[PDB]
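# Structure at a glance
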Amino acid sequence: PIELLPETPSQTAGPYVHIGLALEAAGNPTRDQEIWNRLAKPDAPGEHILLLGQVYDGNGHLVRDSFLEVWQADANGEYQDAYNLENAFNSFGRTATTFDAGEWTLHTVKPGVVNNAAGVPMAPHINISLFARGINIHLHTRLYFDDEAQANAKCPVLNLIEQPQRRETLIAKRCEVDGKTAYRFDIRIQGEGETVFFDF
Amino acid sequence: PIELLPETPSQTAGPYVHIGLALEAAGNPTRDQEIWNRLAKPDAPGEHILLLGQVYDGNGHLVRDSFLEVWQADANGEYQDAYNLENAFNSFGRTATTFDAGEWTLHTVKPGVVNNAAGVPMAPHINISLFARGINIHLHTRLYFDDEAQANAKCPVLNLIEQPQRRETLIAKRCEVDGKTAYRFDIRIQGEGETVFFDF
Amino acid sequence: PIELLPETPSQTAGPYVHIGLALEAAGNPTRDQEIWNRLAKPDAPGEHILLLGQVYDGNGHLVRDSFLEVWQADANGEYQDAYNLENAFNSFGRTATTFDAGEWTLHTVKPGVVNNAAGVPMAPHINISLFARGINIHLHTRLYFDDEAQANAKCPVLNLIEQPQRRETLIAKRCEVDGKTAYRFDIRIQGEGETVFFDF
Amino acid sequence: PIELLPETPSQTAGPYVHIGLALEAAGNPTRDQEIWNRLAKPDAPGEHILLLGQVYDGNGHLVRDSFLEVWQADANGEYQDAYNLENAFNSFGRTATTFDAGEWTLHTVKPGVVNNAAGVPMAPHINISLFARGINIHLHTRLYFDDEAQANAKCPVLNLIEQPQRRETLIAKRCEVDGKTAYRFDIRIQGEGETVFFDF
Amino acid sequence: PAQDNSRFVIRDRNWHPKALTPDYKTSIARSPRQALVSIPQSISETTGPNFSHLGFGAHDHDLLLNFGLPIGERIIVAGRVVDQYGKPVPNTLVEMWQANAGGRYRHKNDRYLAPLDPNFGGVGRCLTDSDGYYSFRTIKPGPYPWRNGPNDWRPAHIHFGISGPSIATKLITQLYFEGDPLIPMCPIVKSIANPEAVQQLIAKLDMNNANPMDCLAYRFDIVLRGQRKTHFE
Amino acid sequence: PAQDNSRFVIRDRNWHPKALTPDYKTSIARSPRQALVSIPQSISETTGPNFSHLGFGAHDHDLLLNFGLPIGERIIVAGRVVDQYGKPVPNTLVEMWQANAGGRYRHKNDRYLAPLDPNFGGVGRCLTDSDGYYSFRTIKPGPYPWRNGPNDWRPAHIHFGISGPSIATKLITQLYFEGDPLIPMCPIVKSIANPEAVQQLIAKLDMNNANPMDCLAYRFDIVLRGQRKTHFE
Amino acid sequence: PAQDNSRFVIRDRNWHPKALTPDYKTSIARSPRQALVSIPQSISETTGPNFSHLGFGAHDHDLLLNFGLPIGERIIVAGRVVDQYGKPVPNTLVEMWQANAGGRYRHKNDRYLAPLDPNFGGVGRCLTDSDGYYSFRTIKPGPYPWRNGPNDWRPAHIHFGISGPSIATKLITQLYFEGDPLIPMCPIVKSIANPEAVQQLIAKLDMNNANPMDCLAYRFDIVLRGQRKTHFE
Ligand SMILES: O=C(O)Cc1ccc(O)c(O)c1
Ligand SMILES: O=C(O)Cc1ccc(O)c(O)c1
Ligand SMILES: O=C(O)Cc1ccc(O)c(O)c1
Ligand SMILES: O=C(O)Cc1ccc(O)c(O)c1
Ligand SMILES: [Fe+3]
Ligand SMILES: [Fe+3]
Ligand SMILES: [Fe+3]
Ligand SMILES: [Fe+3]
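Residues numbered from 1 in each chain as written, not as in the entry; some residues may be left out. Chains lettered and ligands numbered in written order. Part of a larger assembly, values for the part shown. Heavy atoms only, no water. Residues with missing side-chain atoms left out of burial classes, pairs and counts.

Method of determination, as given in the entry header: X-ray crystallography; reported resolution: 2.4 Å.

### A short note on the overall build of chain E
Put simply, the test is: Put simply, DSSP H or I for four residues or longer makes a helix, DSSP E for two residues or longer makes a strand, and each gets a number counted from the N terminus. With the radius of gyration taken over C-alpha atoms, the globule rule is written as 2.2 Å times the number of residues to the power 0.38.
A tally of regular secondary structure across chain E gives two helices and 14 strands. Since a compact globule built from 233 residues should have a radius of gyration of about 17 Å, the 19 Å found for chain E is in line with a globular shape. Taking the principal axes of the C-alpha coordinates as reference, chain E spans close to 60 × 40 × 35 Å.

### Thoughts on the arrangement of the chains
Short version of the rule: Contacts between residues were defined by any pair of non-hydrogen atoms, one from each residue, lying within 4.5 Å.
In this structure chain B stays clear of chain D, and the shortest span between their C-alpha atoms is 18 Å. Chain G makes no contact with chain A, the minimum C-alpha separation between the two being 17 Å.

### Comments concerning empty space enclosed by the protein
Space left empty within the atom packing is revealed by a probe, the size of a water molecule, rolled over the atoms. To be explicit about the condition: Whether a set of points on the 1 Å grid over the protein atoms alone is a cavity depends on a 1.4 Å probe fitting there but being unable to get out, while an open set qualifies as a pocket with protein on both sides within 12 Å along at least five of seven lines; lining residues are those with an atom within 4 Å of a point. Grid points are joined across faces, edges and corners, and a volume is the space filled by probe spheres set on the points. By the convention adopted, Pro, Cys, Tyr, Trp, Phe, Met, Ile, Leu, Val and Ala count as nonpolar, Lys, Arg, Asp and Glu as charged, and the other residues, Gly among them, as polar.
Of the volumes computed, that of the largest cavity is approximately 310 Å³. The wall of the largest cavity is formed by 28 residues, among which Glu73(E), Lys140(E), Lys140(G), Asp180(G) and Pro181(G) lie closest to the centre. The set of elements that each furnish at least two residues to the lining of the largest cavity consists of β12 (216-219) of chain E together with β12 (216-219) of chain G. Taken together, the residues of the lining of the largest cavity sort by class into 18 nonpolar, two polar and eight charged.

### A look at the pattern of salt bridges
The line we're drawing: Salt bridge criterion: a side-chain nitrogen from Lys or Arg within 4 Å of a carboxyl oxygen from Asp or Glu. The cut-offs for exposure are 20% and 50% of the maximum accessible area for each residue type, with area from a 1.4 Å probe on protein chains only; residues under the lower value are buried, those over the upper are exposed, and the others partly exposed.
Under the defined criterion, the tally for this structure stands at 85 salt bridges over all chains. When the shortest N-O distance is used, the salt bridge between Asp186(C) and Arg188(C) registers 3.8 Å. Residue class for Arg188(C) comes out partly exposed when judged on its relative accessible area of 31%. For the salt bridge of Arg219(G) with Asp221(G), the shortest nitrogen-to-oxygen distance reads 2.9 Å. With relative accessibility at 25%, the residue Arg219(G) sits in the partly exposed group. By relative accessible area, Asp221(G) is classed as partly exposed at 35%. The network of salt bridges with common partners includes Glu47(A), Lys110(A), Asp147(A), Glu148(A) and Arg174(A).

### Considerations on the site of ligand 4
Cut-off, in case you're wondering: We define proximity as follows: a residue is near a molecule or strand when any one of its heavy atoms falls within 4 Å of that partner. Whenever two N or O atoms come within 3.5 Å, that pair is a polar contact, provided that in protein one can donate a hydrogen and the other can accept it, and provided that, for residues adjacent in sequence, both atoms are side-chain atoms. Residue-level accessible areas treat just the shown protein chains as cover; the underlying method is Shrake-Rupley with a 1.4 Å probe.
Taken together, the residues surrounding ligand 4 are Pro15(D), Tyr16(D), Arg133(D), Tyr24(G), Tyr105(G), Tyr144(G), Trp146(G), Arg154(G), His157(G), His159(G) and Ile188(G). A distance of 2.5 Å is found between an oxygen atom of ligand 4 and a side-chain nitrogen or oxygen belonging to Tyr105(G). Within the side chain of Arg154(G), an N or O atom sits 3.4 Å from an oxygen atom of ligand 4. Expressed as a share of its isolated accessible area of 320 Å², the protein-covered part of ligand 4 is 96%. Mapped onto the shell around ligand 4, the elements with two or more residues apiece are β7 (144-146) and β9 (157-162) of chain G.

### Some remarks on the UniProt feature "binding site: 3,4-dihydroxybenzoate" in chain A
In plain terms, the rule: UniProt positions are given in the numbering used here, feature names are shortened, and annotations may be inferred rather than shown by experiment.
What UniProt calls "binding site: 3,4-dihydroxybenzoate" maps, in this numbering, to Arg133(A). On the secondary structure map, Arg133(A) appears in the loop between β7 (126-131) and β8 (139-145). Note on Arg133(A): relative accessible area 16%, which makes it buried. Those residues in contact with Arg133(A), other than ones at most four positions away along the chain, are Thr12(A), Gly14(A), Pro15(A), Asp65(A), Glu162(B), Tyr24(E), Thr26(E) and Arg30(E).

This is the structure:
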């Protein structure tokens, strides 16, 4: 058969990932421009939300050195790939869990609907990549919203998960923080209630 | 790099280990001098205690053919290496679990404090080696006492265990047997409440 | 390590090199345009000079089949790379030693000062490449002028030569030929007074 | 045939030899005890002398980074191998050439006579080992004295040198420095008047 | 907005290190036990951020000046980012981080006894050029002891992060130095089963890229997933 | 009392059998799922008992006389206990146990149909000499059937327990006999991943140590963790 | 006084580097053109100084403290000094010198742009013990660019000087680090014709001698000329 060049192999990010990808967190001076956790500026169209979560290992312990990267469409369900600190909205962000509480936060807007390759609409979702010490190759997942039951039920992606019980692991629970709309998305790397991770 | 002679590979002690190291238990006649579970003669200094416990497998079933070896300092925090049946106190002892009840016992004194290599005092502890059928290479653990919480909190060794909840597995629970001071120390080889095993 | 394609290996120019690069000297008819020893047209700016010299072997005998190539800046310390017979001045020229007297000559102007990579000015010099039978790979040298002692003393290049006495070998001695300013530059390939050859 | 283990191969001392073997010279702080150029203390028996010399390369240039080690008998022609800063005489010394003048000095006493293995007396001599940058493996030589013509003529070692002219290269010329008896011993590594170097 | 015009060659999960590699202790509790769910590529996965307009500072890629001169072996780390087809990946973000010359990281959590270097930070970022070339200037990091086995030491390494054209191509990896005797002993390195895969992680000494009497150079090329146009979909 | 004057070379957990070796059925539920926690060596780990004053019986090491003459092949099992540095381990405790000529153990729990040997116990103990030498006199044990797979047979073996200078060096192992065809089919033997490690478990026939017209001999040397003095601590 | 009781195995001048090795520029003018004159061994050559009574300071052999903690890879350099017969050389002087972590020497004449380390000198001395063992504690030196060819760089190396029992055995050499890609490219290294001789100069990573979570170790054994008693002379 035909063999191409092999992709460079992945390696864990390690516990010091912060010095390189989350300077503040590393407790180091930042540069003029940094990619962080604020995807939308106050004057950005769409419904402003706060996302927050915790990451658990197989023993039920918090993963305090985790690093996450997100990719989502804007409120119009469009991907803004031209990253710029001047934008009112950036489709991409970076976040990490506190060495203390071990919770991550992201300031964004609820994503608009996008169609799959076959033209079927997918429920509003946020693409997540999780990196950390002990993680050889990053994990891919999706965050869906509990208040989008109707859409969620019809998602061509959610429906690829054989066991309905497993689908619930991708649904973020709507809450309120300081009187602001928030959604909680906890990730269980291993064991009971283990979060669905994708390959693509 | 520099390579030394390889150490002889370990093998399971097997289910008949008693024939060689726990004669009485094998149901065989003993020899004049045997190494057993009575580390201290009644006339030995320090706080005389009785230690007892069970060993569980990954299914929560009792391990009735387990063999244990102990090493501890005397009441002055001193290791008495010259093994002699005439001594009032010996630092080394052997014990095994009943084929019936599956409980092991040891008669000794509460160990004194010893300093680590850096000069930091470790909380009073007993070094344990667990052998048994299905165990290819023996397991190393330490027994700590629940009435020494202060020292325990500052132990350089206990503190190397990342998760606080895992440190609890090494703490023996004080009780009384026939009006005598006893500490119960159960070992969970695998699963829920799995005991901390070391490498050194 | 990283290995590139190997450079084509050098070979001696041979004793008949003239047939290809010094037509007139071979005793052959020349072509319309030839690269020769007249770098400057009489109407060229700067101090017009005549350069001449001999080449000696390790026995002190004349090398009468030697071929030389020169590269120098104009009177403004500028390299004119666009070779054209119409230019008043060309940075590149070719010369050769007489099969009889064994002397080479060159008609040019005194070169202006150029700075090294670090921004330090080098004393006025002419870059020379010596080819000839018995010479497997060409020799690199520089011609400096004796009436520029000040600049010479501060040359970053001249100063890389450990022994002061060796630096003298690169200094051409001012004279006059037919009432014209001339500099004599003899090359000793080997032995007593051996000329400094470079690698770069 | 029989082959033993091969001796570790020699390597040049390099130009920085001083940081390790001649701290002062390196321009670094010295330690309490250093092996230097004063073999005898004023109260040492024998005729006190000053040795001095220069080292030349094949181009007749000074070798300013040379390092020499000497070994000689005392005035009684006895080797004092027990090195001690408290001794009135030490058989061993270290010296180096000045980065400036490029001259080395040694303060010692004229050596007594010693017999070869066959019982034949050798003329008073000093054993020298020369180390430096460009020197792959150190050079062995001997320093003899011009005022010991009689002995010199009969030396079993000097007489092993086939050409009488070559023998003169090992004879130090007696002089006076500040009204003190001195001997000059110049070493020519290569070329004209090349000093005799030994293998043993 | 980004558009779904590409497809990426499926990852070879047998080439890459598996999740569960027990010699690397922490991977025990941080690896899923359930199988990964395969999904078709969509705009969500085939797109990613472009960092062309990020405001990079002048010494972003020069660790010798971006934080006195650091103590350690001055080196240049350069290479090219290509896809599995051999096609260059221009205007892509390349980020790196490492320890100092002594194996000490400038991070809260680093308690290794080797001292910090007052003139060294340990972070760099570079956008690849039209030909997919990137380059950094730094000092060669030192081996780092870590609490794994009783005597585990990480080979000198530099952490690399590469974005590529999509979130599908995004990768985090590590560079090792040619000839390091520690390489074959590292549990993290060994997380990779194929010895051939390990070789792709070793930067080669590059004398041709070295600055005489200044600094040495190492070549490190990175291959991202092959990008192709959709067909008969 | 004992003193913290030594350090022991770290164990190679890839040389020794791993905890979970599924073909050896019982190991499934008796192997930890959490990684071992590595700890620095202290006086606790670098010291151990000295059995020099233990009151050994005169026939402690002679299985022929320590329990009629047993039926089976009369053999001497001798060897030396050294450390990884090749240094002898004198005055150390070596204990052994085994079955009779028929594969029957003198143990309650042994219900194998082969009968017991009235003149055979199957236990011995020996304290190595100044040179690290030990020796036992016994009869060659027979293969033993066990409930693992439906037709598993343990090769003839002798169980060994060695103390060494500390609890850090203490070891339990098994000796196998040169040329035994069962060796390579045993699930327990197979717990050892490296064929080279298995080789260390095989006693070689030693005609030089045999007593003509009496008994054969087998040589079994044991290597305990290398011991070194502390330095720059 | 010393006495003529020994004879030393003649040096193999084909094993050692020759005088004239043109790739190493400076050797051109610093090599004799006349043949060396062979001479029989006498008391002059078979004796040498004993340094047993030299007053060594406490940190003579510890470069980490003998001059703040230096920046660089903390390592231990240990080994044994033996003769060609394999016999140890006790109470012998071993001296060493090197550059800092960045390739900078603390010497007037060093103009390399890498900076000096305020806490590092670069000199050590150690007297071997009864078994011929020596040990040093320092930081791994960095490669050093030098004016030879236009792009020559010395591999990381440590200069060693060893006295031995006589002036006949005295030697100056250099230690190189296992796996250094620069080794085979060095004109000084290449002064040695036999590849097998080059191997004796490469210190091997010694994990067994390493101080966990502290510093690594390298093993470097030195062989001096064989010493024998005179016979039928
Ligand atoms: O704990 C781990 O995951 C291994 C490890 C530790 C420190 C590092 O800097 C690193 O790159 C990898
Ligand atoms: O069940 C097991 O662990 C295998 C086994 C059985 C009997 C033995 O004597 C023995 O040495 C090993
Ligand atoms: O004398 C020599 O250098 C050899 C030689 C002779 C004639 C040639 O044409 C030639 O190419 C080379
Ligand atoms: O010039 C030379 O002889 C080569 C060289 C230069 C500097 C050094 O430190 C060294 O050890 C060797
Ligand atoms: Fe790292
Ligand atoms: Fe058995
Ligand atoms: Fe030709
Ligand atoms: Fe050097």
